[PDB]
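Participant: Take a look and give me a structure for this.
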Amino acid sequence: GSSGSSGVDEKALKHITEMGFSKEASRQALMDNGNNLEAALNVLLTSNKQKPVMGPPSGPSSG
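Facilitator: Numbering: from 1, shown residues only. There you are, the coordinates:
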């Protein structure tokens, strides 16, 4: 960090906040997932009442 800053990566925080994520939520998360830009959201989401949206259903195999 520069000029003494929390254990979070602002750059990663903002990028996330853009998707409507309380600074406190995204902040901690990132710090929890080791300043993980991706992991951050995952947590902020998993915890938040939201459903996983992974594009169209490709499925592994046509059973």
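Participant: Skip the chain neighbours and tell me the closest residue to the residue nearest in space to the middle of the chain.
Facilitator: Geometric centre of the chain, nearest residue: residue 41, 1.4 Å, by Cα atoms, centre = their mean. Once flanking residues are discounted, residue 41 sits nearest to residue 16: 5.8 Å by Cβ to Cβ, 6 or more residues apart in numbering. The C-beta positions use only the backbone N, C-alpha and C, and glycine is treated the same way.
Participant: Assign that neighbour to helix, strand or coil.
Facilitator: Classification of residue 16 by DSSP: H, G, I helix; E, B strand; the rest coil places it in helix.
Participant: Was I right to think residue 41 contacts residue 19?
Facilitator: Yes: at 7.3 Å, residue 41 and residue 19 qualify as touching, with contact defined as Cβ atoms under 8 Å.
Participant: before we move on, the earlier item: is the residue nearest to the centre of the chain within a helix or a strand, and which one?
Facilitator: helix 37-47 (DSSP states H and E).
Participant: List the buried residues for that helix?
Facilitator: For helix 37-47, the neighbour count (16 or more other Cβ atoms under 10 Å) marks 40-41, 43-45 as buried.
Participant: Work out the gap between it and the centre of the chain.
Facilitator: 3 Å (Cα atoms, centre = their mean, to the nearest Å).
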